[PDB]
>>> print(open('final_30.txt').read())   # compact mmCIF, C-alpha atoms (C1' of nucleotides)
# COMPACT_ATOMS: atom_id res chain seq x y z
CA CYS D 360 -46.96 -68.38 3.61
CA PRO D 361 -49.59 -70.88 2.41
CA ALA D 362 -53.16 -70.63 3.66
CA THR D 363 -52.72 -73.88 5.61
CA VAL D 364 -50.15 -72.26 7.93
CA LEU D 365 -51.48 -68.69 8.14
CA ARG D 366 -52.57 -68.91 11.77
CA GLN D 367 -49.47 -70.97 12.51
CA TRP D 368 -47.14 -68.21 11.27
CA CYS D 369 -48.88 -65.64 13.45
CA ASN D 370 -48.67 -68.09 16.39
CA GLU D 371 -44.88 -68.22 16.64
CA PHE D 372 -44.78 -64.42 16.49
CA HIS D 373 -47.23 -64.31 19.40
CA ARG D 374 -45.45 -66.94 21.48
CA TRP D 375 -41.71 -66.40 20.82
CA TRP D 376 -41.69 -62.65 20.30
CA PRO D 377 -44.81 -60.78 21.48
CA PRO D 378 -43.00 -57.42 20.95
CA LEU D 379 -43.26 -58.03 17.20
CA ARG D 380 -46.61 -56.84 15.89
CA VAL D 381 -48.16 -58.77 13.00
CA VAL D 382 -50.82 -58.19 10.32
CA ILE D 383 -52.14 -60.82 7.90
CA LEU D 384 -53.40 -59.73 4.46
CA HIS D 385 -57.15 -60.31 4.88
CA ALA D 386 -60.23 -58.44 6.10
CA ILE D 387 -58.34 -58.11 9.40
CA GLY D 388 -54.74 -58.65 10.49
CA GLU D 425 -62.27 -51.38 -0.15
CA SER D 426 -61.36 -48.55 2.22
CA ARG D 427 -61.09 -50.90 5.21
CA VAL D 428 -57.75 -52.24 3.98
CA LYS D 429 -56.66 -48.60 3.58
CA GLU D 430 -57.35 -47.81 7.24
CA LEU D 431 -55.43 -51.04 7.82
CA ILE D 432 -52.62 -49.44 5.80
CA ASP D 433 -52.79 -46.43 8.12
CA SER D 434 -49.97 -47.08 10.61
CA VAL D 435 -49.12 -50.53 9.25
CA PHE D 436 -45.61 -49.29 8.47
CA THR D 437 -44.87 -47.34 11.65
CA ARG D 438 -47.09 -49.22 14.11
CA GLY D 439 -47.26 -52.41 12.05
CA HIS D 440 -44.03 -54.44 12.20
CA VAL D 441 -44.58 -57.64 10.19
CA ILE D 442 -47.15 -58.17 7.43
CA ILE D 443 -48.32 -61.70 6.56
CA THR D 444 -49.62 -62.67 3.12
CA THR D 445 -51.09 -65.80 1.59
CA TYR D 446 -49.49 -66.60 -1.74
CA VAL D 447 -52.83 -66.09 -3.48
CA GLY D 448 -53.76 -62.91 -1.67
CA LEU D 449 -51.13 -60.45 -2.86
CA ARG D 450 -53.16 -59.78 -6.03
CA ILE D 451 -56.13 -58.69 -3.94
CA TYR D 452 -54.48 -55.63 -2.41
CA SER D 453 -51.24 -55.28 -4.41
CA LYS D 454 -52.23 -51.74 -5.45
CA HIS D 455 -51.12 -50.40 -2.06
CA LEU D 456 -48.42 -52.95 -1.11
CA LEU D 457 -45.81 -53.08 -3.91
CA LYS D 458 -45.51 -49.28 -3.97
CA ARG D 459 -43.89 -48.38 -0.63
CA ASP D 460 -40.43 -49.62 0.35
CA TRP D 461 -39.89 -52.78 2.42
CA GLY D 462 -37.23 -54.32 4.64
CA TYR D 463 -36.73 -58.04 5.25
CA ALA D 464 -38.59 -60.42 2.95
CA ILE D 465 -39.57 -64.03 3.69
CA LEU D 466 -41.35 -66.41 1.32
CA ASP D 467 -42.25 -69.89 2.63
CA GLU D 468 -42.82 -71.27 -0.87
CA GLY D 469 -40.17 -72.88 -3.06
CA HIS D 470 -42.37 -74.95 -5.37
CA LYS D 471 -44.74 -72.15 -6.42
CA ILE D 472 -41.94 -70.10 -7.97
CA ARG D 473 -40.14 -72.74 -10.05
CA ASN D 474 -39.22 -71.47 -13.52
CA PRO D 475 -39.66 -67.86 -14.70
CA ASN D 476 -42.34 -66.33 -16.94
CA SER D 477 -45.43 -66.63 -14.72
CA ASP D 478 -47.70 -64.63 -12.40
CA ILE D 479 -45.07 -65.55 -9.80
CA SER D 480 -42.55 -63.08 -11.24
CA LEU D 481 -45.39 -60.64 -11.90
CA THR D 482 -46.26 -60.42 -8.18
CA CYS D 483 -43.04 -61.17 -6.26
CA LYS D 484 -39.84 -60.05 -7.98
CA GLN D 485 -41.11 -56.46 -8.20
CA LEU D 486 -40.50 -56.06 -4.46
CA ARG D 487 -37.95 -53.39 -3.50
CA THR D 488 -35.48 -54.89 -1.01
CA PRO D 489 -32.11 -56.68 -1.17
CA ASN D 490 -33.19 -58.87 1.77
CA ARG D 491 -34.89 -61.86 0.09
CA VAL D 492 -35.11 -65.28 1.76
CA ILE D 493 -37.02 -68.39 0.63
CA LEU D 494 -37.89 -71.17 3.08
CA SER D 495 -38.16 -74.46 1.19
CA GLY D 496 -36.06 -77.63 1.18
CA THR D 497 -37.23 -78.70 -2.28
CA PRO D 498 -36.41 -75.86 -4.71
CA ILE D 499 -34.84 -78.07 -7.39
CA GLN D 500 -37.17 -80.80 -8.62
CA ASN D 501 -37.75 -80.17 -12.34
CA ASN D 502 -34.77 -78.37 -13.94
CA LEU D 503 -32.03 -75.77 -13.47
CA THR D 504 -34.29 -73.11 -15.01
CA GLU D 505 -36.18 -73.22 -11.72
CA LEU D 506 -32.80 -72.80 -10.03
CA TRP D 507 -32.09 -69.65 -12.05
CA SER D 508 -35.54 -68.22 -11.36
CA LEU D 509 -35.18 -68.92 -7.62
CA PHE D 510 -31.72 -67.34 -7.60
CA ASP D 511 -33.18 -64.27 -9.33
CA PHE D 512 -35.50 -63.52 -6.41
CA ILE D 513 -32.72 -63.56 -3.80
CA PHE D 514 -29.80 -62.09 -5.79
CA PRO D 515 -29.90 -59.62 -8.72
CA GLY D 516 -28.08 -62.05 -11.01
CA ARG D 517 -24.56 -62.96 -9.83
CA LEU D 518 -24.63 -65.51 -12.67
CA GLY D 519 -26.20 -63.74 -15.64
CA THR D 520 -29.34 -63.42 -17.70
CA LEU D 521 -31.63 -66.32 -18.64
CA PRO D 522 -30.00 -66.62 -22.10
CA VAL D 523 -26.60 -66.41 -20.36
CA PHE D 524 -27.66 -68.94 -17.72
CA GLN D 525 -28.77 -71.36 -20.42
CA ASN D 526 -25.91 -70.93 -22.91
CA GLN D 527 -23.39 -71.32 -20.08
CA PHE D 528 -24.11 -74.88 -18.93
CA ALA D 529 -27.69 -75.99 -19.73
CA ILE D 530 -26.94 -78.36 -22.64
CA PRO D 531 -23.50 -79.59 -21.39
CA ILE D 532 -24.94 -80.85 -18.10
CA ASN D 533 -27.76 -82.66 -19.90
CA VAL D 534 -25.61 -84.28 -22.60
CA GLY D 535 -22.83 -84.89 -20.08
CA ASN D 542 -15.67 -87.90 -22.39
CA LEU D 543 -15.95 -84.68 -24.44
CA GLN D 544 -18.39 -83.30 -21.86
CA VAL D 545 -17.36 -84.30 -18.34
CA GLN D 546 -14.21 -82.33 -17.48
CA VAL D 547 -15.12 -79.00 -19.10
CA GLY D 548 -18.62 -79.61 -17.77
CA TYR D 549 -17.11 -80.51 -14.38
CA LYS D 550 -15.40 -77.12 -14.12
CA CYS D 551 -18.34 -75.18 -15.58
CA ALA D 552 -20.58 -76.83 -12.95
CA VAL D 553 -18.26 -76.43 -9.95
CA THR D 554 -18.06 -72.74 -10.87
CA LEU D 555 -21.86 -72.58 -10.58
CA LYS D 556 -21.75 -74.55 -7.32
CA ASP D 557 -19.30 -72.05 -5.82
CA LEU D 558 -21.30 -69.14 -7.26
CA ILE D 559 -24.67 -70.11 -5.76
CA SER D 560 -23.58 -72.26 -2.80
CA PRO D 561 -23.29 -69.26 -0.43
CA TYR D 562 -26.83 -68.35 -1.43
CA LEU D 563 -28.83 -71.42 -0.32
CA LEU D 564 -28.20 -73.68 2.67
CA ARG D 565 -28.17 -77.47 2.29
CA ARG D 566 -28.91 -80.04 5.01
CA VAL D 567 -30.37 -83.54 4.96
CA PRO D 576 -36.81 -96.66 10.53
CA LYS D 577 -35.82 -98.50 7.35
CA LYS D 578 -37.69 -98.66 4.03
CA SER D 579 -38.38 -101.46 1.55
CA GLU D 580 -38.97 -100.56 -2.09
CA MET D 581 -40.60 -103.50 -3.88
CA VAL D 582 -41.71 -102.70 -7.43
CA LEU D 583 -44.04 -105.19 -9.13
CA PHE D 584 -44.06 -105.37 -12.94
CA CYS D 585 -47.52 -106.55 -13.94
CA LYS D 586 -48.56 -107.11 -17.55
CA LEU D 587 -51.30 -105.66 -19.72
CA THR D 588 -54.28 -108.00 -19.91
CA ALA D 589 -55.68 -109.18 -23.24
CA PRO D 590 -58.66 -106.74 -23.12
CA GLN D 591 -56.09 -104.13 -22.08
CA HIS D 592 -53.74 -105.05 -24.93
CA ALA D 593 -56.64 -104.81 -27.39
CA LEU D 594 -57.62 -101.32 -26.21
CA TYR D 595 -53.91 -100.44 -26.16
CA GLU D 596 -53.36 -101.40 -29.81
CA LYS D 597 -56.67 -99.82 -30.87
CA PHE D 598 -55.70 -96.44 -29.43
CA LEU D 599 -52.10 -97.06 -30.54
CA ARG D 600 -53.09 -97.08 -34.23
CA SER D 601 -55.50 -94.17 -34.63
CA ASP D 602 -55.61 -90.75 -36.29
CA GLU D 603 -55.74 -88.78 -33.03
CA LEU D 604 -52.21 -89.75 -31.96
CA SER D 605 -50.67 -88.57 -35.24
CA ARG D 606 -52.85 -85.44 -35.09
CA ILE D 607 -51.43 -84.74 -31.63
CA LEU D 608 -47.87 -85.41 -32.79
CA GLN D 609 -47.96 -83.05 -35.78
CA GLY D 610 -48.93 -80.13 -33.55
CA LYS D 611 -52.64 -79.25 -33.54
CA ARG D 612 -52.90 -80.74 -30.03
CA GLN D 613 -50.59 -81.44 -27.09
CA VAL D 614 -49.00 -84.71 -26.01
CA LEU D 615 -50.36 -84.04 -22.48
CA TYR D 616 -53.80 -85.21 -23.66
CA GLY D 617 -52.49 -88.39 -25.29
CA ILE D 618 -50.46 -89.65 -22.34
CA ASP D 619 -53.31 -88.90 -19.92
CA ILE D 620 -55.58 -91.26 -21.91
CA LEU D 621 -52.95 -94.00 -22.22
CA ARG D 622 -52.56 -93.81 -18.44
CA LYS D 623 -56.37 -93.81 -18.29
CA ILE D 624 -56.32 -97.36 -19.73
CA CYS D 625 -53.44 -98.65 -17.59
CA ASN D 626 -55.26 -97.87 -14.33
CA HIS D 627 -58.11 -100.03 -15.67
CA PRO D 628 -59.89 -100.56 -19.02
CA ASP D 629 -63.18 -99.06 -17.88
CA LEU D 630 -61.86 -95.49 -17.59
CA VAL D 631 -61.57 -94.66 -21.31
CA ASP D 632 -65.36 -94.82 -21.63
CA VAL D 633 -67.33 -91.82 -22.88
CA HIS D 634 -70.05 -92.39 -20.27
CA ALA D 635 -67.61 -92.12 -17.33
CA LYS D 636 -69.69 -89.72 -15.24
CA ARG D 637 -72.96 -91.40 -16.27
CA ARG D 638 -71.96 -94.76 -14.73
CA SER D 639 -69.29 -93.86 -12.15
CA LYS D 640 -71.48 -94.15 -9.03
CA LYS D 641 -74.77 -95.49 -10.40
CA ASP D 642 -73.62 -98.60 -12.32
CA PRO D 643 -72.22 -101.36 -10.07
CA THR D 644 -70.27 -102.96 -12.93
CA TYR D 645 -68.19 -99.92 -13.85
CA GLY D 646 -65.45 -100.88 -11.40
CA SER D 647 -65.11 -104.66 -11.80
CA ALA D 648 -61.92 -106.58 -11.00
CA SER D 649 -59.03 -108.47 -12.61
CA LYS D 650 -59.48 -106.41 -15.78
CA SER D 651 -57.05 -103.69 -14.69
CA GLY D 652 -54.06 -106.03 -14.50
CA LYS D 653 -53.47 -104.72 -10.97
CA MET D 654 -56.52 -105.84 -8.93
CA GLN D 655 -54.95 -109.25 -8.20
CA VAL D 656 -51.72 -107.67 -6.89
CA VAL D 657 -54.10 -105.31 -5.08
CA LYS D 658 -56.52 -107.92 -3.70
CA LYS D 659 -53.72 -110.25 -2.57
CA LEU D 660 -51.42 -107.53 -1.25
CA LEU D 661 -54.15 -105.70 0.69
CA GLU D 662 -55.68 -108.89 2.09
CA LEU D 663 -52.23 -109.99 3.29
CA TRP D 664 -52.46 -107.00 5.65
CA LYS D 665 -56.21 -107.02 6.27
CA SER D 666 -55.96 -110.12 8.45
CA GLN D 667 -52.44 -109.09 9.52
CA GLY D 668 -53.75 -105.76 10.81
CA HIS D 669 -51.33 -103.42 8.99
CA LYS D 670 -52.48 -99.82 8.52
CA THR D 671 -51.62 -99.26 4.87
CA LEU D 672 -51.75 -96.34 2.43
CA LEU D 673 -53.49 -96.63 -0.94
CA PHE D 674 -52.24 -93.94 -3.31
CA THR D 675 -53.72 -92.56 -6.53
CA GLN D 676 -53.55 -89.32 -8.52
CA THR D 677 -57.04 -89.12 -10.03
CA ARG D 678 -60.41 -88.83 -8.30
CA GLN D 679 -61.87 -90.76 -11.25
CA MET D 680 -59.92 -93.93 -10.42
CA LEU D 681 -60.96 -93.38 -6.79
CA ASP D 682 -64.50 -94.24 -7.89
CA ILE D 683 -63.31 -97.58 -9.28
CA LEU D 684 -61.14 -98.45 -6.29
CA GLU D 685 -64.04 -97.40 -4.05
CA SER D 686 -66.60 -99.60 -5.80
CA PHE D 687 -64.03 -102.41 -5.66
CA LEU D 688 -63.51 -101.98 -1.92
CA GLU D 689 -67.26 -101.69 -1.26
CA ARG D 690 -67.69 -105.00 -3.08
CA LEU D 691 -64.85 -106.40 -0.95
CA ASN D 692 -66.75 -105.15 2.12
CA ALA D 693 -69.95 -106.81 0.91
CA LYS D 694 -68.14 -110.12 0.35
CA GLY D 695 -66.47 -109.97 3.76
CA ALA D 696 -69.62 -108.98 5.64
CA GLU D 697 -71.74 -111.69 4.01
CA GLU D 698 -69.29 -114.36 5.21
CA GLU D 699 -67.69 -114.51 8.67
CA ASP D 700 -64.29 -114.39 10.42
CA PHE D 701 -63.50 -111.10 8.68
CA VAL D 702 -63.45 -107.35 9.43
CA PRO D 703 -64.80 -104.31 7.52
CA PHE D 704 -62.30 -102.67 5.19
CA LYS D 705 -63.27 -99.15 6.35
CA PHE D 706 -61.81 -96.84 3.69
CA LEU D 707 -62.15 -93.10 3.10
CA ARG D 708 -61.33 -90.68 0.30
CA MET D 709 -59.99 -87.13 0.58
CA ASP D 710 -59.48 -84.61 -2.20
CA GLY D 711 -59.99 -81.00 -3.24
CA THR D 712 -63.73 -81.66 -3.33
CA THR D 713 -63.77 -81.71 0.49
CA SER D 714 -63.23 -78.61 2.63
CA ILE D 715 -60.11 -77.19 4.25
CA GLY D 716 -61.85 -77.64 7.61
CA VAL D 717 -62.00 -81.44 7.43
CA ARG D 718 -58.26 -82.10 6.86
CA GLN D 719 -56.56 -82.90 10.19
CA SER D 720 -59.72 -84.60 11.49
CA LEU D 721 -59.55 -87.43 8.96
CA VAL D 722 -55.74 -87.18 9.09
CA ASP D 723 -56.22 -87.95 12.79
CA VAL D 724 -59.02 -90.53 12.65
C1' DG Z 1 -70.95 -77.87 2.36
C1' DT Z 2 -71.53 -73.52 -4.60
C1' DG Z 3 -68.28 -71.96 -7.83
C1' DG Z 4 -64.35 -68.34 -10.00
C1' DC Z 5 -59.07 -68.78 -12.25
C1' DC Z 6 -54.73 -70.14 -12.29
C1' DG Z 7 -51.36 -73.90 -11.82
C1' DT Z 8 -49.70 -78.00 -14.18
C1' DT Z 9 -47.50 -81.88 -16.55
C1' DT Z 10 -45.03 -83.20 -21.77
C1' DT Z 11 -42.33 -81.79 -26.53
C1' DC Z 12 -64.11 -80.05 -70.81
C1' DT Z 13 -63.29 -80.54 -75.52
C1' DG Z 14 -64.68 -76.89 -78.29
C1' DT Z 15 -64.53 -72.79 -80.13
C1' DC Z 16 -63.59 -68.24 -80.24
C1' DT Z 17 -61.29 -63.89 -79.62
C1' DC Z 18 -58.39 -60.79 -78.26
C1' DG Z 19 -53.96 -59.33 -79.10
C1' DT Z 20 -49.90 -59.31 -81.21
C1' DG Z 21 -45.83 -60.62 -83.50
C1' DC Z 22 -44.03 -61.69 -87.59
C1' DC Z 23 -44.06 -61.60 -92.44
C1' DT Z 24 -44.79 -58.90 -96.50
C1' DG Z 25 -46.08 -55.23 -99.57
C1' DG Z 26 -45.40 -50.92 -99.95
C1' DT Z 27 -42.31 -46.85 -99.72
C1' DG Z 28 -38.62 -43.46 -98.21
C1' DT Z 29 -34.17 -41.96 -98.92
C1' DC Z 30 -30.53 -42.38 -100.97
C1' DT Z 31 -25.93 -43.31 -104.65
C1' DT Z 32 -24.08 -44.09 -108.50
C1' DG Z 33 -23.26 -43.14 -113.15
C1' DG Z 34 -24.06 -41.49 -117.35
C1' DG Z 35 -24.58 -38.11 -120.24
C1' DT Z 36 -24.66 -33.38 -120.68
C1' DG Z 37 -22.27 -29.69 -119.52
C1' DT Z 38 -18.42 -26.53 -119.45
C1' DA Z 39 -13.45 -26.03 -119.39
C1' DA Z 40 -9.56 -25.38 -122.32
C1' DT Z 41 -5.70 -25.16 -124.48
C1' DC Z 42 -2.82 -27.43 -128.65
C1' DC Z 43 -0.12 -25.23 -132.67
>>> encode(input="final_30.txt", output="structure tokens")
Amino acid sequence: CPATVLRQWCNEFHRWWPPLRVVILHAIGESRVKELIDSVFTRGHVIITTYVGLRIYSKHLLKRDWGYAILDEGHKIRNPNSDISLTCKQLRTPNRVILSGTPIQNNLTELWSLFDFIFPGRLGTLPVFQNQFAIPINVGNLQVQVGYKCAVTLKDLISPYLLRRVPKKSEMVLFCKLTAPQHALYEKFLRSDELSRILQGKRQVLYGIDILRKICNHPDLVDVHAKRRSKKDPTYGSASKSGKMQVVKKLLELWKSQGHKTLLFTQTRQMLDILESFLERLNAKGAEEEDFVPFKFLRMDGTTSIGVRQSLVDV
DNA sequence: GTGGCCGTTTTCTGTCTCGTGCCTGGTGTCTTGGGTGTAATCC
């Protein structure tokens, strides 16, 4: 189980079934873990492990036989060929159960790799799994019917191996335009040597679409002095240059006076600096004048500690 | 509140030489004939 539910997983054991003994894979539940191993198979009933902690004591875990196997992680297995398979699929037990309602999110290769852990391959090998129906599903008449049967065969083959069970919502998508300073920086980066250099193969496209998203968030994020002016230059953020501040200012102020607890969502902690300078400036403007209320934001990320979590989640 | 590592998202005329290949002058090895030689047999 993840490290965010470690105590939780021991808790239901304690409350529902006290007769079941339990031992987490930590300093308690290099010799000390070996005395822990002493009578962890006869006396010990259930062993708990964080899915980072197996490769801390795997020397004396993967060796002996095991019974029932539970893994509460269906998005940290995904596709094959990773440390996942290295420390997981070497377990010695038919009983293999995964607890996750989102196993399929990227591709059917993840499906094959997840089916491998539970069953020894009722479908076939990875080359077999691919050559069977990988391309036909993607491309697809000339595809549908043969593809229809080749897919329903898979559905009947794996269906008795994974269970499936399922106010209102408004999805308004606004299509804003690139500003003129944005279009200039877009064309400048558009016609440059680095893009072709990435395309031919010396680099990866992952570093050329991260920088063209770096300009869409706002112009001032493709600067070389990003860290040098992120939190010590009160002009780094700015407004109306991003092409989205106006549909941010208007949309957030339509709820600020309306009193609607709203969620602002990003992906980068670097753009958090800009949206945080922006909202501090909004706070300054509101506080200087009257008939208003402080914006009162907060930012949470991996920089903070695991202890904080729920607290802010609650506040 | 310090970091470790994995996990992740996409598809230079200029001149010379060194070597050799080709042409040629020599030279081997031979073939024909021509006379010398013997045969020889008419009568």
>>> interface_residues(input="final_30.txt", of="chain D", to="chain Z", cutoff="10 Å", atoms="only C-alpha atoms (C1' of nucleotides)", output="PyMOL selection string")
chain D and resi 447+471+477-478+608+610+613-619+712-714
>>> closest_residue(input="final_30.txt", among="D:534, D:481, D:558, D:506", to="residue D:521", atoms="all atoms listed in the file")
D:506
>>> residues_around(input="final_30.txt", residues="residue D:639", least_positions_apart="4", cutoff="9 Å", atoms="all atoms listed in the file", output="JSON, numbers by chain")
{"D": [634, 635, 643, 645, 646, 679, 682, 683, 686]}
>>> atom_distance(input="final_30.txt", atom1="atom CA of residue D:715", atom2="atom CA of residue D:363")
8.2 Å
>>> atom_distance(input="final_30.txt", atom1="atom CA of residue D:703", atom2="atom CA of residue D:719")
23.1 Å
>>> closest_residue(input="final_30.txt", among="D:609, D:465, D:474, D:641", to="residue D:492", atoms="only C-alpha atoms")
D:465
>>> atom_distance(input="final_30.txt", atom1="atom CA of residue D:626", atom2="atom CA of residue D:702")
26.9 Å
>>> residues_around(input="final_30.txt", residues="residue D:510", least_positions_apart="2", cutoff="12 Å", atoms="only C-alpha atoms (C1' of nucleotides)", output="PyMOL selection string")
chain D and resi 469+472-475+484+491-493+498-499+503-508+512-521+524+555+558-563
>>> residues_around(input="final_30.txt", residues="residue D:627", least_positions_apart="4", cutoff="9 Å", atoms="all atoms listed in the file", output="PyMOL selection string")
chain D and resi 591+622-623+631+646+648+650-653+680+683
>>> residues_near_point(input="final_30.txt", point="(-41.2, -98.3, 7.7)", cutoff="12 Å", atoms="all atoms listed in the file", output="PyMOL selection string")
chain D and resi 576-580+669-672
>>> residues_around(input="final_30.txt", residues="stretch 688-701 of chain D", least_positions_apart="4", cutoff="12 Å", atoms="only C-alpha atoms (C1' of nucleotides)", output="tab-separated table (two decimals) with C-alpha atoms, keeping the file's coordinate frame")
chain	number	residue	atom	x	y	z
D	640	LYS	CA	-71.48	-94.15	-9.03
D	643	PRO	CA	-72.22	-101.36	-10.07
D	644	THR	CA	-70.27	-102.96	-12.93
D	645	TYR	CA	-68.19	-99.92	-13.85
D	646	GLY	CA	-65.45	-100.88	-11.40
D	647	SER	CA	-65.11	-104.66	-11.80
D	648	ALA	CA	-61.92	-106.58	-11.00
D	654	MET	CA	-56.52	-105.84	-8.93
D	657	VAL	CA	-54.10	-105.31	-5.08
D	658	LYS	CA	-56.52	-107.92	-3.70
D	659	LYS	CA	-53.72	-110.25	-2.57
D	661	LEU	CA	-54.15	-105.70	0.69
D	662	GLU	CA	-55.68	-108.89	2.09
D	665	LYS	CA	-56.21	-107.02	6.27
D	666	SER	CA	-55.96	-110.12	8.45
D	667	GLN	CA	-52.44	-109.09	9.52
D	668	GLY	CA	-53.75	-105.76	10.81
D	673	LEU	CA	-53.49	-96.63	-0.94
D	681	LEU	CA	-60.96	-93.38	-6.79
D	682	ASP	CA	-64.50	-94.24	-7.89
D	683	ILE	CA	-63.31	-97.58	-9.28
D	684	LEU	CA	-61.14	-98.45	-6.29
D	705	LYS	CA	-63.27	-99.15	6.35
D	706	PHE	CA	-61.81	-96.84	3.69
D	707	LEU	CA	-62.15	-93.10	3.10
D	708	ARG	CA	-61.33	-90.68	0.30
